[PDB]
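Here the structure comes first, spelled out in C-alpha coordinates, and everything after it is commentary.
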2 protein chains.
Amino acid sequence: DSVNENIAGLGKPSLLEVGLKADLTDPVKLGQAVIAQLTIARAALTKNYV
Amino acid sequence: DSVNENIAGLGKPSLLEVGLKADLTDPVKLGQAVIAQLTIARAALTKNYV
(Lines give C-alpha, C1' and ligand atoms only; values in the text may rest on other atoms or scores of the structure.)
Protein backbone atom coordinates (compact mmCIF):
# COMPACT_ATOMS: atom_id res chain seq x y z
CA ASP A 1 0.00 0.00 0.00
CA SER A 2 2.96 2.33 0.54
CA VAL A 3 4.51 1.65 -2.88
CA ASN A 4 1.49 1.06 -5.16
CA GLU A 5 2.34 3.81 -7.64
CA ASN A 6 5.37 4.97 -9.57
CA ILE A 7 4.59 8.54 -8.50
CA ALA A 8 1.64 9.29 -6.23
CA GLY A 9 -1.22 10.22 -8.54
CA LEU A 10 -0.33 8.27 -11.68
CA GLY A 11 -2.44 5.13 -11.34
CA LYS A 12 -3.28 2.04 -9.32
CA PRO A 13 -2.67 -1.64 -10.18
CA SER A 14 -6.37 -2.55 -9.67
CA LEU A 15 -7.53 -5.91 -8.28
CA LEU A 16 -11.21 -6.61 -9.19
CA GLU A 17 -13.38 -9.55 -8.11
CA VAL A 18 -15.40 -12.16 -9.99
CA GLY A 19 -17.09 -14.25 -7.31
CA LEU A 20 -16.78 -16.49 -4.28
CA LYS A 21 -15.55 -19.56 -6.24
CA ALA A 22 -18.18 -21.64 -4.44
CA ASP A 23 -21.31 -20.10 -5.93
CA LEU A 24 -19.40 -19.62 -9.17
CA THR A 25 -18.37 -23.28 -9.61
CA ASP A 26 -20.74 -23.74 -12.55
CA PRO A 27 -18.99 -23.24 -15.92
CA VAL A 28 -21.48 -20.90 -17.60
CA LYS A 29 -21.99 -18.96 -14.37
CA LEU A 30 -18.23 -18.40 -14.14
CA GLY A 31 -18.09 -17.30 -17.77
CA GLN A 32 -20.73 -14.59 -17.39
CA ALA A 33 -18.93 -13.32 -14.29
CA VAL A 34 -15.64 -13.00 -16.19
CA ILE A 35 -17.18 -11.35 -19.26
CA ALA A 36 -19.09 -8.86 -17.11
CA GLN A 37 -15.94 -8.14 -15.10
CA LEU A 38 -13.73 -7.71 -18.16
CA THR A 39 -15.82 -4.62 -18.86
CA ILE A 40 -14.80 -3.19 -15.48
CA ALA A 41 -11.20 -4.19 -16.21
CA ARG A 42 -11.45 -2.16 -19.41
CA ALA A 43 -12.73 0.80 -17.38
CA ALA A 44 -10.20 0.41 -14.56
CA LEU A 45 -7.39 0.52 -17.11
CA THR A 46 -8.94 3.55 -18.84
CA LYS A 47 -9.27 5.54 -15.60
CA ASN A 48 -5.45 5.72 -15.54
CA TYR A 49 -5.37 7.07 -19.13
CA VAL A 50 -3.80 3.83 -20.39
CA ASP B 1 -35.71 24.74 -5.19
CA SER B 2 -36.10 28.53 -5.27
CA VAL B 3 -33.71 29.16 -8.17
CA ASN B 4 -33.92 26.04 -10.38
CA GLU B 5 -34.81 28.06 -13.48
CA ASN B 6 -34.08 31.50 -14.90
CA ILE B 7 -37.78 32.28 -15.40
CA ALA B 8 -40.58 30.07 -14.09
CA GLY B 9 -42.02 27.81 -16.77
CA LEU B 10 -39.09 27.45 -19.19
CA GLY B 11 -37.49 24.30 -17.78
CA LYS B 12 -36.14 22.31 -14.87
CA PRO B 13 -32.63 20.83 -14.43
CA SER B 14 -34.04 17.33 -13.69
CA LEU B 15 -32.41 14.91 -11.23
CA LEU B 16 -33.42 11.28 -12.04
CA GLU B 17 -32.62 8.10 -10.06
CA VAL B 18 -30.85 4.87 -11.05
CA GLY B 19 -30.67 2.74 -7.90
CA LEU B 20 -29.65 2.25 -4.30
CA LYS B 21 -25.93 1.69 -5.12
CA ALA B 22 -26.05 -1.32 -2.78
CA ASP B 23 -28.13 -3.80 -4.78
CA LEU B 24 -26.95 -2.15 -8.00
CA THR B 25 -23.31 -3.20 -7.51
CA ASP B 26 -23.54 -5.79 -10.28
CA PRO B 27 -22.32 -4.13 -13.52
CA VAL B 28 -25.00 -5.98 -15.51
CA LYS B 29 -27.72 -4.73 -13.16
CA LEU B 30 -26.19 -1.24 -13.00
CA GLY B 31 -26.00 -0.95 -16.78
CA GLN B 32 -29.67 -1.87 -17.13
CA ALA B 33 -30.59 0.91 -14.71
CA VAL B 34 -28.49 3.45 -16.63
CA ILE B 35 -29.91 2.42 -20.01
CA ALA B 36 -33.48 2.43 -18.69
CA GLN B 37 -32.94 5.79 -17.00
CA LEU B 38 -31.37 7.23 -20.16
CA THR B 39 -34.66 6.66 -21.99
CA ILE B 40 -36.38 8.79 -19.34
CA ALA B 41 -33.61 11.39 -19.64
CA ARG B 42 -34.42 12.17 -23.28
CA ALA B 43 -38.09 12.42 -22.31
CA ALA B 44 -37.41 14.89 -19.49
CA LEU B 45 -35.14 16.94 -21.75
CA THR B 46 -37.83 17.02 -24.46
CA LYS B 47 -40.63 18.31 -22.21
CA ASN B 48 -38.60 21.53 -21.89
CA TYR B 49 -38.50 21.81 -25.71
CA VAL B 50 -34.72 21.36 -25.70
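Going through the C-alpha coordinates in order, the chains are called A, B, and so on, while each chain numbers its residues from 1 and the ligands are numbered from 1 in the order shown.
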**OP:** Skip segment 13-29 of chain B itself and residues of its chain fewer than 2 positions away, then list as a PyMOL selection string all residues within 9 Å of it, counting only C-alpha atoms.
**Re:** (chain A and resi 36-37+39-40) or (chain B and resi 4-5+11+31-34+36-37+40-41+44-45)
Subject >> Interatomic distance (Å, one decimal) between atom CA of residue 7 of chain B and atom CA of residue 50 of chain B >> reply: 15.3 Å
Original post:
Using only C-alpha atoms, which of A:3, A:30, A:38, A:10 sits nearest chain B?
Top reply: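 Ranked by minimum distance to chain B, first place goes to A:38.
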Go through chain A and collect every residue that DSSP, computed from the backbone, puts in alpha helix (DSSP H); the answer should be as a short mmCIF file (atom, residue, chain, number, x, y, z; two decimals) with N, CA and C atoms, in the first residue's frame.
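What landed in part-v3.cif:
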```
data_model
loop_
_atom_site.label_atom_id
_atom_site.label_comp_id
_atom_site.auth_asym_id
_atom_site.auth_seq_id
_atom_site.Cartn_x
_atom_site.Cartn_y
_atom_site.Cartn_z
N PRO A 27 -19.79 -23.81 -14.82
CA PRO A 27 -18.99 -23.24 -15.92
C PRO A 27 -19.60 -22.00 -16.55
N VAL A 28 -20.88 -22.04 -16.92
CA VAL A 28 -21.48 -20.90 -17.60
C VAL A 28 -21.64 -19.73 -16.64
N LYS A 29 -21.90 -20.02 -15.36
CA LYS A 29 -21.99 -18.96 -14.37
C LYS A 29 -20.65 -18.25 -14.20
N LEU A 30 -19.55 -19.00 -14.21
CA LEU A 30 -18.23 -18.40 -14.14
C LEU A 30 -17.94 -17.56 -15.38
N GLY A 31 -18.37 -18.03 -16.55
CA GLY A 31 -18.09 -17.30 -17.77
C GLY A 31 -18.76 -15.94 -17.82
N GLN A 32 -20.03 -15.87 -17.40
CA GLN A 32 -20.73 -14.59 -17.39
C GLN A 32 -20.11 -13.63 -16.39
N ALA A 33 -19.61 -14.16 -15.26
CA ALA A 33 -18.93 -13.32 -14.29
C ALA A 33 -17.66 -12.71 -14.87
N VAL A 34 -16.90 -13.50 -15.62
CA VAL A 34 -15.64 -13.00 -16.19
C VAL A 34 -15.92 -11.97 -17.28
N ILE A 35 -16.87 -12.27 -18.17
CA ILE A 35 -17.18 -11.35 -19.26
C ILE A 35 -17.69 -10.02 -18.71
N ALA A 36 -18.58 -10.08 -17.71
CA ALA A 36 -19.09 -8.86 -17.11
C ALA A 36 -17.99 -8.09 -16.39
N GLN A 37 -16.98 -8.81 -15.87
CA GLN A 37 -15.94 -8.14 -15.10
C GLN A 37 -14.79 -7.69 -15.99
N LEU A 38 -14.71 -8.22 -17.21
CA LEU A 38 -13.73 -7.71 -18.16
C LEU A 38 -14.11 -6.32 -18.64
N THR A 39 -15.41 -5.99 -18.58
CA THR A 39 -15.82 -4.62 -18.86
C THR A 39 -15.27 -3.66 -17.82
N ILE A 40 -15.34 -4.04 -16.54
CA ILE A 40 -14.80 -3.19 -15.48
C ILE A 40 -13.29 -3.11 -15.59
N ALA A 41 -12.64 -4.21 -15.99
CA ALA A 41 -11.20 -4.19 -16.21
C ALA A 41 -10.83 -3.24 -17.33
N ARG A 42 -11.66 -3.16 -18.37
CA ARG A 42 -11.45 -2.16 -19.41
C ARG A 42 -11.57 -0.75 -18.85
N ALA A 43 -12.55 -0.53 -17.97
CA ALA A 43 -12.73 0.80 -17.38
C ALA A 43 -11.62 1.13 -16.39
N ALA A 44 -11.23 0.16 -15.56
CA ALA A 44 -10.20 0.41 -14.56
C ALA A 44 -8.88 0.76 -15.22
N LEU A 45 -8.61 0.19 -16.39
CA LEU A 45 -7.39 0.52 -17.11
C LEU A 45 -7.51 1.88 -17.80
N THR A 46 -8.73 2.26 -18.18
CA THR A 46 -8.94 3.55 -18.84
C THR A 46 -8.86 4.70 -17.85
#
```
